[PDB]
Structure formats: structure tokens, C-alpha cells
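Report on one structure; see the data block that follows.
Positions of Cβ are backbone-derived with ideal geometry, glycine not excepted, and every protein chain shown enters the neighbour counts. Where a number appears in this text, it was derived from the coordinates with a stated rule and is not lab data.
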Amino acid sequence: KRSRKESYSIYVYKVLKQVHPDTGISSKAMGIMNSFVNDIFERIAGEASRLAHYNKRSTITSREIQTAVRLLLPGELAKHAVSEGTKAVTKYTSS
Amino acid sequence: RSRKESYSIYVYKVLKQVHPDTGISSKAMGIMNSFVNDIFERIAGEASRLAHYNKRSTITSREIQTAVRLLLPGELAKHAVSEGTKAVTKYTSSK
Amino acid sequence: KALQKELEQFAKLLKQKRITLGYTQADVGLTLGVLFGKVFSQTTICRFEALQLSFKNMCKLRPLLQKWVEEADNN
Amino acid sequence: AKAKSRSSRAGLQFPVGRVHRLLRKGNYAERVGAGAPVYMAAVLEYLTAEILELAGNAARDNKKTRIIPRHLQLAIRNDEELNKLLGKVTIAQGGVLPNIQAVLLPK
Amino acid sequence: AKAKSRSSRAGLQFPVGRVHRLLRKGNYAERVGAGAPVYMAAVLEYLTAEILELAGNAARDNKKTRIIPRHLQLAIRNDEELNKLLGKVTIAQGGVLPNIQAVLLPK
Amino acid sequence: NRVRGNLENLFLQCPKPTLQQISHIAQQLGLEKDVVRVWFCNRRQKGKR
Amino acid sequence: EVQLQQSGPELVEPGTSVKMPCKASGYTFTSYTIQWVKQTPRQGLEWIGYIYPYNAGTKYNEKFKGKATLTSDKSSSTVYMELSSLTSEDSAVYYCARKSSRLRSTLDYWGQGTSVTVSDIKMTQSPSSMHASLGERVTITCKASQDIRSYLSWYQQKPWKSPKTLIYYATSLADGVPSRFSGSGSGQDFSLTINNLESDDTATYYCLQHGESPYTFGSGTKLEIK
Amino acid sequence: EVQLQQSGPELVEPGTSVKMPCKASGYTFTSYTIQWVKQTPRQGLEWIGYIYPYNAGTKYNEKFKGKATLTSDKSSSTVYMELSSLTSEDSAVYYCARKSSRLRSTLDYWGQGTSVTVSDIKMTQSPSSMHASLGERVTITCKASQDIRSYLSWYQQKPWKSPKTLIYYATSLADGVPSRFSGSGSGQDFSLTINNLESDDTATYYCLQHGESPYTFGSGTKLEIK
Amino acid sequence: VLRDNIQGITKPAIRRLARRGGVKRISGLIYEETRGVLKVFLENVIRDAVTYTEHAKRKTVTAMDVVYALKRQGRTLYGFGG
Amino acid sequence: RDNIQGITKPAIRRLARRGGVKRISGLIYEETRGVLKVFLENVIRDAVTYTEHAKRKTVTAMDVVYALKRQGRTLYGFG
Amino acid sequence: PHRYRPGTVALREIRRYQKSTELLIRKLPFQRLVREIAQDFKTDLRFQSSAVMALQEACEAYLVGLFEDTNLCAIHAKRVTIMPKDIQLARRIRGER
Amino acid sequence: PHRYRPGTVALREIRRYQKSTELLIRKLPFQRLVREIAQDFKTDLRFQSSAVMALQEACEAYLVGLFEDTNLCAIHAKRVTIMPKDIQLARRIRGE
DNA sequence: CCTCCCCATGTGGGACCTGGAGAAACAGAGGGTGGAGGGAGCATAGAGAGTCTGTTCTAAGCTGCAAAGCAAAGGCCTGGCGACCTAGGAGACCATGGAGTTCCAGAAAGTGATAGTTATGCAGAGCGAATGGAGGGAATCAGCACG
DNA sequence: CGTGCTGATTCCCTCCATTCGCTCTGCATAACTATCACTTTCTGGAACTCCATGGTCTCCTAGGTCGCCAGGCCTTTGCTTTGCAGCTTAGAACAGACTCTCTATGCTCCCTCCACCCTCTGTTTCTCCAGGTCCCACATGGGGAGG
């Protein structure tokens, strides 16, 4: 009757089977991946929250997430992450 | 113009309470305002994380006491905990 | 050293009496202007009780509240 | 009424709905616009894809077909950017990069 | 009933109401438990009083009536706990501690 | 050998005797039901290869 | 902003070794790999190797191991290439190219090309050469041998000039490239589309994969205007 | 946990110099000042000075300036005290006490003290010596000559023992002290109250101010029960 | 009641930790210094973890409290939750 | 635009004298200029990012303070 | 018999322990040390196995990284033997002191 | 004439510049450096005076702290002269 | 030439990893509603960039030389290499008790809305802090003299 | 070859005069306080299940000790080379002032988008057992050596 824990171990495996079809993963490496996704989520979300608070805004938009990615991630990493976020938002607001 | 608030009168009241001959400059008042805002942000962020870890949706004086025990070093934390407990006891005992 | 303690203490008794009778800060300033003909704004009423302004200025206007406090005791 | 979850509408595998819920419940802002979880899920999915592909390559040049945390540490520490992002981060069971200073070698 | 404030109820100088408003609108939690701003204001007032007392003592030993940021830097850096609290903090126009290493002196 | 013949009688007649036949046959041969189940599982595995 | 300085043409007698520098300026030198390719009239562009200055990590082509060695000098921000035992088929234009450590990124910026004169995924490009008018649409096909997950790049090269990056990640535009050029395709089938041409589109176009360990360039399509 | 180890007694010839160790354990040594108090039966307790091991910061009393020298050694966590030119009035017990750099903090933990034998603001305590029953109320006054911002502490000392800290900041109880003791007052008027008596409370009670640069102890009250 | 357990961090263990750190030669006074440094780091992390445990009204120190303590001291640890 | 030579030799000498340095080698100054350039680029890039997020064309002291902060180099006295 | 020169075994130990991933301190003495240290903060505490495990990976990673910084300090002083002054200098520059 | 031996005026300069709090770089070259560095990120952008002042205070504090660590490295290498290798070692241990 | 013991090997069976067949339960997504956060114009004070002039003030360049760093050499001393013993760690198997989780009740309490009232931010005079200039007196340091 | 008493440079301390930053003074205003309704949220209480001590056995491998010796640290000493101290010239910064003009902030309209809520659905998470496969020890065969 104990409650259920939730993680990213299902989606991380899907991304792994996209980028490497014949490659498994251990449970410890999945724990590292879950901790990584959680850490980057808290970093970007806190950064974007600070960006919205500095500008006296009450909402987090994709512009705040883009600026937080630009501030947090180093150069080419931030460039490709901005590319991916822009492409996903463009694809989402078309259906 | 636009009425920006600070801690200058509060820090000046504290200064005239602990040193009733000693003035302060504008630059030192800016340092004191930055110090109060920085420590406020640190304690409030630690208390927010403490409330989020234990599945709590409120920040009470227990979260603030634990945060003060976390950020501040030893005797500093002990005297700050004594001051906070004394103030909360005086506030509860007097409406 | 010696001056501040007297003023800081006196601010406590007058506010305690002020709260009991149910007046306001504006009302006290209204009475002071009626009595001595030297009106005082509500801002100066609070600045006295929280000690905002000069210890010299505490000395100057202190007896007026001293007169008001004793007179408010009678009426 | 139907199908089409927000991840599939954005062409993603990371959950847009769960990221929106975590942004709402994470006490970051009063409101959350509905482009922020899409951007956020895309950035997380890109970072996961980059680290997982580099770790898969590190496992492939190890005659192995399973990623252990050693492969993740080898992927992260061999990159300038990645190391910079995760520079203050300890990976459990990852070890260190194999390097010896040149003055320690005998000659 | 004359509207007395919460700082005078707690016997403080720092504002309980403004700290409550900043805690409410600062996106920290869903609720604020109304004894938390009293504790916060007391801790901020204690830290301000300690720093200001040490800075006033430094200004008195420097034979100055007014406190400049040099006195705040000399107060902070000469205390181990205060320097531990503000290790990654730069004070503007504060200078550094007078410290010459012992080898550099003559003889 | 006699028990071996009694067990090997059911190669092509009952590929999966299951628990109902296993418990019935085990009492006849004076052996545990787990032994009979393991033997039939090994026989199925050998037939698979 | 980003420059990849190189040396002049080196006339070299067979038997000795030759050095080529790739003095780099305008960016953080340690964060980007420097890759070396060579170009001949006989077989076109082919990738020789690369050197990562963050850990000085080399990776060479299988046919260039031993023939070419790569070193880096972090203080002078330079990358040095040694070619030893120059045979007769070594007169070539040698290019160094910046490329980020990210897998999506490609050889975005190139060096001028040192002319040295001596005294696997197969790339299939269907059009070897084509002619076009001043306003029509051109399509160039780059069907590959194995599967590459969108890790294809399109380059434009003027005669006696360094190649210019047009398309990275098989669809994305490079920096400064106008929207006339459009990459498309994925998996094994890729294509480059020129929408309306100018007088500056008379050039040779190449497609390069970097999904596998040996990077292979295209056969090259010559585009001549009017 | 926290202890301050001190050496044995010294029988010193006059005109020489004597070293005093204050080996410390149980706490972070650099974060707390070490104070030195001299105790004679004729002048009572006298504060000499303190050393801060964080910056090796010294501060001495004016009557002990030059006569006393404080040093610190962070490797062995030891505090050394030097007395030179021993006058015949040096036969006294020397205690070293821990005190944090916080202004509210006091001399909380004391050493055992070394007995050396040669071969401002004034605290007024109104009862010199008083008699109390097993369940009476004890009130001790510590009227100050000047103003202090509640920076007064109350100490209890048994015969031939180190003083024990009862009250710090004039109202707050020390660690381990029961709630029978209660400090009160501020400014220039202070008081210590013993609620109900035990046989343990036969001791001498002192009050120390540390609101100004020379720290001054009180005269002390002798309290004996039945 | 345990006492004197910093000596259980033996000299070969410190030598192995130096070999993983790339150290060729090790002086004899390195081991006591390493024991002191490891002790100080352990009391800092354990003190923060025990504070996180006592806030949760628990008598059991969990791995998540250790992870929050490490994150608090700027030494974020992956692979043990969070 | 050059202007890294405006951080002159006696300015670096004064900054080293404040740091307690008694003797300075001749190759210190170019290394210090490169270090200062790297640090200034890292702070100014984040400050310009904070400025561009606010739709502003002016870098304020608040943007510099936020940029500094994000690098763990909190500066007091500018708001 | 046959003997190896000093520094030859010490280099193969560097090459061996830098390619391995597991813990270098024994589990039970570290667990006893953790319980001894934690008993000074709260009595009758009870850790999980994963808490002690996480503490061990954190402490070993910190000690290994400090040993690389110590080795750099030793090589800067034209030495190959690390000394306590190198540990003190590395902790001083890192901000740990 | 009169001439101080080397290291005397250096120690006097150490005492003088550790006693004071004023900035050690001239304001105009630092302003020009800040503007040219910001030119690579923005083509035409303005600067508050306080922004350049905060940048100068932060840069001078960073350089003074790095010179402190550099002097510690030089003393650990049994020298009194700081070299670029000391700066590189200090920035390597700091993580820069 | 006969006989007994040992090694290679086939194979039956127990244990480990995986995948399917469910399994179900939290929650994501659509659609209607409304209200408020923030775009988009529209004006405008103000401040930052630009230029100009003037006056010092510091930096750049060069010279002399001392003292710091560096490299070669020898002593020694200590840390690594190797071997023998042995004891404590590691792994597993239990027993348990006390700890952390869960559900129910509801009393406390935190939020929202409205009124008001007050104390706080902002603009502006009076003034005492201190900063620089002139002067004096002492701390410190570094080159010829007498012994 | 060892201090030693003039001489020079710098640093500290005193006495005027702003003067410019501070303290103080007055007014509007918005925000903080009171009071009432109402919806959470924690605080005991009881059940429970589960997991972390805590001890036992073995064995066997890593730790402690001892010998020994080679090379690495330490010290010395001479040599060079390289910053530091000081002086002179000029060019660059700092300060004060005025333009402008372009920017940032404020006010309004209003509108679109995002929060709230219900419903239904596809998605996510947690085990559980049948099946396949791997290792492992046991029974059997055949070869080599002894009598």
C-alpha cells in the first residue's frame, strides 16, 4: 500500500535506444542519469525563476528558459540546446 | 519616480541602538543593504528547500531555525537561534 | 549616554497610555495643535515613538507630550 | 476528445506534462507559460542524448555493450563543455581520468 | 485598536511585515507560517547588530566617528565565523587585511 | 530404469503434463513432485534442443 | 572573428618530413578540436585526423596512421602537423578546420590551406556536374552507404579557396549563410537545395559525414552558372 | 568534549620568566579566543588579556602590558603565556578560558589553573557574604560603574576549583546549568537569583563585564548553606 | 560507544587514494595529515546530514540527507538519489 | 581596438603590492592581462545576457551584480 | 632474487588504481568512523547502508582530488614526494582553510 | 646620493597599498577595455557608470586575491619572485 | 599381460536473468470561462554619449647593481621493495525492536477582502565630519669611521 | 673585519576651513494592521511492517613488522641574470560644462493567454511467474603406470 516513486528512467532509456540501438545500461548509470536530469532541471528552473523575479514578471515563459540555458550552459552546448528548444517550441505551436 | 525600498532606516536604528555616537556612510549603508538582502535570500532559499524535501507547503519558524543552523557557523548560529526563539516567544506571548 | 535612556523610556509609557484610550496618532497631533497652537503632523507623532529624529529635537518638543500625557490622564 | 500527449505534439520523449507539473509545484513562479515545459524538456532531452551518446561511444571502445558509471565519467571528463557544466559534480563509481604527470615518468 | 505593528510585538527593529511580504511574494513556498518572519527578522537584526558593533569598534580604534566600508571589511575579515559566512563575498571599497608573509621581511 | 521407462512413456502423448498429472505420477514412483516437475522441464528443454 | 592562420606553399623533396601550423585566434582554443583534411585533384577531399587541445587527444584515419602525426602547443595556441616520408602522391592542399567537441557540430571554420608540392562509409553523389540559370532551383543528392543519424554537412568551395560551411546536422543553416540553401533528408538519403542562384554559386559542393569514426567527404558536385 | 588542559603548580625564583601552557581539545581551536585570568586572594580575579588564534590577535590589560606575553601554536593547539620579571606579588592561580569572538559570548569553559608561587569600570556587589537556608531565595546585585549593553556574566567557583559559568548575556543560562539560577537586569543594574538551595551551592559567585575593552570581575559573594 | 576509529583508515588505504590521485612518492607524515583532513570533512558533511535528519523528525540518517548535505557544501553527488 | 595595454605595468604592480607580492617577474604582466581579459569576458557576457533579456540597450549595475553573483563572486555595495 | 626499482611499482600502482573504479577504503572501518563521528552530534542514530555508501564515495572522491592538487603543489616545488605543506597549500588555495 | 636597497621600497609599497582602499587601475583604460570586450557581444550598447565601477571593483578584488594565491605558490616554491607558473598553478587549484 | 588409479568429458540439475501478461492507479489533455499581465502606442524627463578645454600626474624608458634563482655535487637518510606471520574484514545468515509510514479528527491557523491609518520613501535645509595644507617631531634605514 | 653614532627619507600627530555628505524635517501615500469567513495543515493516536543494528563462523587475504638499500631530498656554493630603485619627459586621465538625443519609465486600451475545474482517457510504475540459459559437480569412459 506504499506510494510510488517517479523518475526519468523510462524516457532516458528511450533516448538511449534512439542514440544507440544496440546498447544497454546498468541501474547505477540510470541512477546517475536521473540525478543529472534532476540537477539540470533545478538549475535551469531556478535560474529562470530568478530571471523572472529580476524583471518583475510573474510568469516563466520559453524566453526565460532560453536565457537561463544561455547563462548556464557553455558555448556550443548552449547553442545546440537553444536550437533544440526553439525547434521543439516551433513544432509544439503548430498542432 | 518609483519608491524603491531598502533597509537603511532599520540598519540605522540598529546602529544607533548598539552605538549611539557612531554614524555611517552611504556606501557602508549600501554594503549593509546588500548583506541583509543576501542573507535573506540564503535563509529563505534554504527554508524553501527544507519545506520541499519534507513534502510541506508552508514555511514555519522550525524551517527558519533549521536553515539558520545550516548556513550560519557555530556560535553565530547558536546566538541567532537564541534571538529568533526569544522573538517568536515574545510575539506569541503578546498577540 | 544619559540623554537617550530618558527619551527611549519615556516613549514606552506614552505609547502604552496612547493605546489604552483608543486614540490615533493623528488625534494626538490634533489635540496638541488645539492646546498650544503649534500643530504637529501625524508623521512626527510616530517619529517620536519610534525615535526617528534628532535627540536635540527630542529635547525641544518633549514637554508638549509631557503636558498632554498628564492632561490626558485627567481627560 | 482523444490522444496526442504534449511530448508527441512537440516531437519529444521527455514528458512535457510532468515537466509542467514539476515547474508548477516547484515554487519557481506564480505562473508558467505553456512553452516553457516544451523548451525545458527539449533541453533536458538534448543533454541526455549528448551524454548518453558519448558514454555509448566510450562503452563501444571498451568491447562492452552496457553503460556503467565509468563510461559516463569518461564521457563527461573528456569534454571541455561537459566538464564545465558538471565540474563540481561527483559521479559515484566513476573513478578518475587516467593521467600521469610527465615529470613522474622515468627517463 | 491603534494598529500596533508586529515588530513592536516581537520587540524588534527589522520589519516583520515587510519580511512576511518578501517571503510571500518571493516564490519560496505556498504558505508562510506567520512566526517565520519573526524568526527571520530576529536573525537578520542579530547579524546586522553584530556586524555594526564590530565595525563601530573598528572605527573607534581607527579614531573615526563614521563607519566606512573599510571598517566593515576589517570587522568581517578579523572574525573567523563572519569570514566563513562571507567567504565568497566582495565588499566594495573595503580593501584587504594588512598581511605580509614572514619570509619577505628582511633578515 | 523401470521408473525411467515409466517417465519416458509420455514423450509424444503429453508434452505438458502440468501439476495435475505430475502429482498423480509422483505418488506412483515414490518421488517428490518437484523432482518430477524438474525432470519434465529438463525433458522439454532437451526436446527443444 | 575566428581565424585559422596557416603557412605558405612548401616545396619538399621526398624522404624528409614537413611541418604545418594552424595558429588559431578569436576563440577559446582548448574547447574545440582541430581537424586536418587534405585535398587532391585525383580523389578530392579526405579527412586525415584531429587533435583535441583540452586533453591533447588525437584520432587519425586508418590510411594516415604513421604517415601523419599531430601535436598541439597550448601557450602559442597552435596545432602542428608532421608528415613523414613524403611520397610522390603527397602534393596536396592541407586544410585545418575548427570543430566543436559536440557531435552535432561540424568543420565550421577552415584554414587557408597549405600547398605541399613533392618533386568506411562510401559517399555517393548522383550529379557530378550540372548547369543552371540565374533563378532556378538546384537539388544535389548525397545518398550514403551506411546509416548516419542526421550527421551530415554541406560545404561550398570556390576554386583556389577554402571550403565554406553551408549546412550542419543535415538541415541547420550555418552562421551567415542565407536561407536560399536548404538541407533535407535523414538516415541514408540527404539533399541540398539551392532556391534561387546568384553569380557567386559557381562552386564545388561537398557532403561530409561525421557519424562514424572515419569521416568521409563527398565526391563533389560542380555547379556552373549560365 | 571541550576541555582546557593546564600544567601543574610552579615554584619560581623571582626575576625569572615562567611559561604557561593551555593545551585545548574538543573544539575548532582557531575560532575561539583564549582569555587569561589571574586570581589572588587579595584582589580577586583580574583579566589579563586574550589571544585570538585565527589571526594571532593580542589584547592585554593596561596593568599587565609588557609584563605578560601571549602566544599561540596552531599545530599542537596550544596557547602559551609568558610572565617575565616576576615581582613577589605574582603568587596567584592562573586560569585560561575559552571565549568565542562573538560579543554576546563569554568565558564559558575554564582551565584548571596553575598556581605560581614566587620564592575602567568597577563592579560593586552589595552583599560581601550572606547566609541562606536550604530553601531560601538568594539575590545578588552587581551594580556597574558605567553602562554596558547587557554584557555581563555570572560565575560560580568552588574552593580549590575552576569557576563555572552560570549566566551569560545577563539573562541567558549556560549549557548544563539548571533553571534554578536566573539572571536579570540591564544597563548598570544586574542581579542573580538562586531559586532553591542545595548543598552544592556553597561557593563564591562573581560577575564579569565584557562590554568594554578592560574586562572587570566582581568582588564576589561567599554563599554557604547550613 | 566507539573510540579511535580514524586509525582504521590505514596507511595502505591512503596510499591507494594517492595512487588514484597520481602520486608517485608519499612522505611519512602525509598519513596523519590525511586522517585529520578526512576527519574535518566528515564532521562537516555528517553535521549537515544530521541537521537534515533532525528536521525530518527521524532517527535514521538516509542517503538523501547525505545528498542534500553534499549539495549544500557544493559537492554534488550523482547516483544516490535526487 | 587594443586597449589591453591600458592596464599598464605599474597598475599590475600596484595590484600585486596589495596582494603582498614583493618581487615580480617581467612575464607576469602579459599573463595578468590575459587572466583579466578572460575574467572580464566571462562577467561581461553574462551581464549582456541579463541586459538583453530585459530588452534593454544599457548595462546597469544590477546586471553586473547578478552576473558576478552567478559566478560565485557576490559583490556588496552596488544595490 | 629479483627486485624492482623504486618508482616502477609505484607507477604501475598509479596505472592500476586510475583505471579501476571501486572504493579504496575498507567498508567496515569507514562505517565505524562515520558512526563514531555522528555519535558526537546525536546519540542512538541509525544510518542506512546507502547513506554510509554515499559518504564513502564522497570522501574518497574528495581525498583523491586533494591528492591531485597536492601532487601539483609537490611538482611545483621541484619534488616528487608529497608533503604536508603541499596539502596545506592546496587546501589554502582551494578555500578549505 | 641616497638609494634604498631592493625590497625596501617594495615592502613600503605593500604596506601602503594594503593600508588604503582606493582602486589601483585608472578608470578610463578600464572603461575602454570594458566597452571593447562588450563590443563582441553587442554591437551598440551603453554602460552605466555604476556598472563600470562595479566591474572595476570586482576585477581588482579578483586580481588581488589571485596575486595572494600566486605569492603563496611562489613562497612554497622557495622563491620571493612570482612567475607565470605560480599564476597557472593557483588558477589550476582554484578551478579556473 | 593383468589390474588399479587418475584425467578428460558428457550431462542432469540448480540457480540467475529476462520477458510477457497483466495490473492498476496516478495524471496528462481537452474544453469552457474569465480576468489580469503584459503587449502596443504614445509622451517625455533625464542621463549617457559625445565633445571640448585645462591641469596635473603618472607612466614609459633608461641605467646601475645587488641578490635571487639556478645548476652542479656530495651526504645521508628514508621510503620503497620483499618476505614471513596473523588477525580482522568480508560475506552470509539469522533475530529483533523501534522507527518511519499511513489513515483519521479536528483544532489551529494562514489566506483573502475590506477599511483605515500610519510609518515610510522622497524632497529639501542646517550642520558638524574630515580632508587637505602647513608645521613639527619621531621611526627607520643605510653609507663612512674608529677600533 | 663589528658596530656606531650623523644624515636623510618617510610616517605619525596638531591646528585651521571648508564642504560635502549626513542628520534631520515635512508631506503624500500605500502598505501594514484589524476584523470577519473559510479553507487548509499540522499535531497526537493507533497499526503496521520493515529495516538497521548485533552477533556468529570461516578463511584468507591484506595489514604490520623487519631487513635492507638506492635514489631522492637537503644543503652548499658559485654564477649569472633580472627586477628593483631612481630620474626625466610627455602624454593620458581626471574634472567641469554643455548638447542631444535616444533611451527608460509611466499611462491607457484592451486583448489574449493562462489559471481553475471536470472528465476521460492513454501512460507510467511495480512486481510476479514461466521460460531460457549458464555453471557446476557427478558418473562414466579410457589411458598410463605398477606388479
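Check region L:13-23 and report whether any residue there is touching a helix residue (DSSP H, G or I) at 6+ places or on another chain (Cβ under 8 Å), near DNA strand M (Cβ under 9 Å from one of its atoms) and either at the interface with chain J (Cβ under 9 Å from one of its Cβ atoms) or of a type outside the set (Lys, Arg) (or both). No, that holds for no residue. Per the conditions (1) small (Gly, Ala, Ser); (2) within 26 Å of residue I:67 (Cβ to Cβ); (3) at the interface with chain D (Cβ under 7 Å from one of its Cβ atoms), the sole criterion not satisfied by residue A:85 is (2).
Here the condition is being within 15 Å of the chain's Cα centre (by Cα) and of a type outside the set (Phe, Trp, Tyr); of J:61, J:54, it holds for J:61 alone.
One line per residue, one yes/no per condition, for (1) within 11 Å of DNA strand M (Cβ to nearest atom); (2) surrounded by 20 or more Cβ atoms within 10 Å (Cβ to Cβ); (3) closer than 21 Å to residue I:6 by Cα:
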| position | (1), (2), (3) |
| --- | --- |
| K:30 | yes, yes, yes |
| K:40 | no, no, yes |
| K:44 | yes, no, yes |
| K:60 | no, yes, yes |
| K:78 | yes, no, no |
| K:91 | no, no, yes |
| K:96 | no, no, yes |
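If only residues of region C:46-71 that are within 14 Å of chain E (Cβ to nearest Cβ) and near DNA strand M (Cβ under 8 Å from one of its atoms) are counted, the one that is surrounded by the most Cβ atoms within 10 Å (Cβ to Cβ) is C:49.
Each row is one residue, and each column tells you yes or no for (1) part of a loop (DSSP other than H, G, I, E, B); (2) farther than 25 Å from residue D:78 by Cβ.
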| site | (1), (2) |
| --- | --- |
| G:39 | no, yes |
| G:42 | yes, yes |
| G:46 | no, yes |
| G:49 | no, no |
| G:59 | no, no |
| G:82 | no, no |
| G:94 | no, yes |
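Across region B:1-43, the qualifying residues are those that are near DNA strand N (Cβ under 9 Å from one of its atoms) and assigned to a helix (DSSP H, G or I), and the one among them that is surrounded by the fewest Cβ atoms within 10 Å (Cβ to Cβ) is B:26. Please verify whether residue K:52 is out of contact with any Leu (no Cβ under 8 Å at 6 or more places or on another chain) and near DNA strand M (Cβ under 6 Å from one of its atoms), treating the condition exactly as stated. No: the conditions fail for residue K:52.
Which residue is farthest from DNA strand N (Cβ to nearest atom), if the candidates are limited to region E:1-12 and must be closer than 14 Å to residue B:83 by Cβ and either more than 7 Å from chain B (Cβ to nearest Cβ) or surrounded by fewer than 23 Cβ atoms within 10 Å (Cβ to Cβ) (or both)? It comes out as E:11. Has region E:16-33 got any residue that is over 22 Å from residue B:66 (Cα atoms), within 11 Å of DNA strand N (Cβ to nearest atom), surrounded by fewer than 19 Cβ atoms within 10 Å (Cβ to Cβ) and more than 7 Å from chain B (Cβ to nearest Cβ)? Checking region E:16-33: not a single residue is over 22 Å from residue B:66 (Cα atoms), within 11 Å of DNA strand N (Cβ to nearest atom), surrounded by fewer than 19 Cβ atoms within 10 Å (Cβ to Cβ) and more than 7 Å from chain B (Cβ to nearest Cβ). Within region J:34-59, if we keep just the residues that are away from DNA strand N (no atom under 12 Å from the Cβ), out of contact with any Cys (no Cβ under 9 Å at 6 or more places or on another chain) and more than 11 Å from chain A (Cβ to nearest Cβ), the residue that is nearest to residue A:71 (Cα to Cα) turns out to be J:44.
Is there a residue being surrounded by fewer than 23 Cβ atoms within 10 Å (Cβ to Cβ), in contact with a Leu (Cβ under 6 Å, 6 or more places away or on another chain) and not in a loop (DSSP other than H, G, I, E, B) anywhere in region J:18-28? No, region J:18-28 contains no residue that is surrounded by fewer than 23 Cβ atoms within 10 Å (Cβ to Cβ), in contact with a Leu (Cβ under 6 Å, 6 or more places away or on another chain) and not in a loop (DSSP other than H, G, I, E, B). If you take the residues of region D:41-75 that are touching a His at 6+ places or on another chain (Cβ under 9 Å) and over 26 Å from residue D:16 (Cα atoms), which of them is surrounded by the most Cβ atoms within 10 Å (Cβ to Cβ)? Residue satisfying both the conditions and the ranking: D:67.
Checked against the criterion of being more than 9 Å from DNA strand M (Cβ to nearest atom), in contact with a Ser or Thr (Cβ under 8 Å, 6 or more places away or on another chain) and within 7 Å of chain E (Cβ to nearest Cβ), the candidates B:18, B:36 yield just one match: B:36. Taking region G:201-226 as the range and being acidic (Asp, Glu) and either surrounded by 18 or more Cβ atoms within 10 Å (Cβ to Cβ) or under 28 Å from residue G:65 (Cα atoms) (or both) as the test, the residues that pass are G:201, G:212. Looking across L:87, L:14, L:25, one residue alone is under 15 Å from the mean Cα position of the chain (by Cα), buried (at least 16 other Cβ atoms within 10 Å of the Cβ) and near DNA strand N (Cβ under 9 Å from one of its atoms). It is L:25. Yes or no: residue H:153 within 12 Å of the chain's Cα centre (by Cα) and either among the aliphatic types (A, V, I, L, M) or in a strand (DSSP E or B) (or both)? Yes: the conditions hold for residue H:153. Once region C:30-45 is narrowed to residues that are surrounded by 15 or more Cβ atoms within 10 Å (Cβ to Cβ) and within 9 Å of DNA strand M (Cβ to nearest atom), the residue that is nearest to residue C:65 (Cα to Cα) is C:45.
The set of residues in region I:2-18 being more than 8 Å from DNA strand N (Cβ to nearest atom) and of a type in the set (A, V, I, L, M) consists of I:2, I:6, I:9, I:14, I:17, I:18.
Considering (1) facing chain J (nearest Cβ under 7 Å); (2) over 22 Å from residue J:73 (Cα atoms), the lone condition that residue L:75 does not fulfil carries the number (1). Here residue G:37 passes the criteria (1) surrounded by fewer than 20 Cβ atoms within 10 Å (Cβ to Cβ); (2) within 19 Å of residue G:88 (Cα to Cα); (3) of a type in the set (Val, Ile, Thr) except the one numbered (1). When region D:80-105 is filtered for residues that are surrounded by fewer than 23 Cβ atoms within 10 Å (Cβ to Cβ), of a type outside the set (A, V, I, L, M) and at negative phi, the ones remaining, listed by number, are D:80, D:81, D:83, D:84, D:87, D:88, D:90, D:98, D:99, D:101. Can you tell me which of C:17, C:5 is of a type in the set (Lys, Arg), in contact with a strand residue (DSSP E or B) (Cβ under 9 Å, 6 or more places away or on another chain) and surrounded by 12 or more Cβ atoms within 10 Å (Cβ to Cβ)? Every option except C:5 fails the conditions. Scanning region B:51-87 for residues that are outside any helix (DSSP H, G or I) and away from DNA strand N (no atom under 16 Å from the Cβ) returns B:72, B:73. Return only the number of the condition from (1) over 24 Å from residue G:29 (Cα atoms); (2) buried (at least 20 other Cβ atoms within 10 Å of the Cβ) that residue J:13 does not satisfy. So the condition that residue J:13 fails would be (2). Of the helices (runs of 4 or more DSSP H) lying entirely inside chain C, those containing at least 3 residues that are within 13 Å of DNA strand N (Cβ to nearest atom) and more than 24 Å from residue E:7 (Cα to Cα) are C:55-74. Residue J:75 meets all of the listed conditions (1) surrounded by 21 or more Cβ atoms within 10 Å (Cβ to Cβ); (2) more than 13 Å from the chain's Cα centre (by Cα); (3) at the interface with chain L (Cβ under 7 Å from one of its Cβ atoms) but one, namely (2).
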